[PDB]
């Protein structure tokens, strides 16, 4: 048994993909959440001043997608062929690119509001349409079994729906995919048992 400690804020955010992977693989870990009050303290110690980080047997890892890739290496979640592993990474990166456009840390309310609106109004539907086309009539995004891209799709879409509840109105196949992920017992169990935060 290896010693895992996850450090992030109290919210889903960029740590959530790691938490889904831990739940799905049934791995016990310390889900260390922090208030903003403690943020400047810990920040000074961090290698690149960013969370989430994951401590593994006294060794520190950073970058949430780098960590998620490390944890799924050698598992069913990574993909069934070398090429399918690329597709998993590329779908994840495509989703992460779009989530990263949003100005999460913007101090000016009016600039943050205008940007969140532009992205959700013009960009988001282009992405939903491309994703819908990519999925087609298949059960999972890549190959014939669930991957951590399906986890990421579910996590990303959950946060987009908070700001734009009608996002998937004309995309029932993408809603089905969210339901299929949420129905995975280990994921269901995590969703039910997790702190209820907005983001």
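Think of the rigid core as the biggest set of C-alphas that the two forms share within 1.5 Å after superposition. Residue numbers count along the first chain shown, from 1.
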Next item on the list: Report the stretch with the higher root mean square CA deviation, pooled over structures and residues in 7 other deposited structures of this protein, choosing between 112-120 and 125-133 after a rigid core fit.
Entry: 112-120
Notebook entry, point to check: Got a sec? Mean C-alpha B-factor, which is higher, 159-167 or 35-43?
Noted result: 35-43
Note to self: Which is higher on mean Cα B factor in this entry, 111-119 or 90-98?
What the structure shows: 111-119
Next item on the list: Please work out which residue in 143, 136, 58, 52 has the highest C-alpha B-factor recorded for this crystal structure.
Entry: 58
Check: Taking the entry's C-alpha B-factors for this chain, is residue 17 in the lowest, middle or highest third?
Finding: lowest
Next item on the list: Would you please rank residue 154 by its C-alpha temperature factor against the other modelled residues of its chain and give the third it falls in: lowest, middle or highest?
Entry: lowest
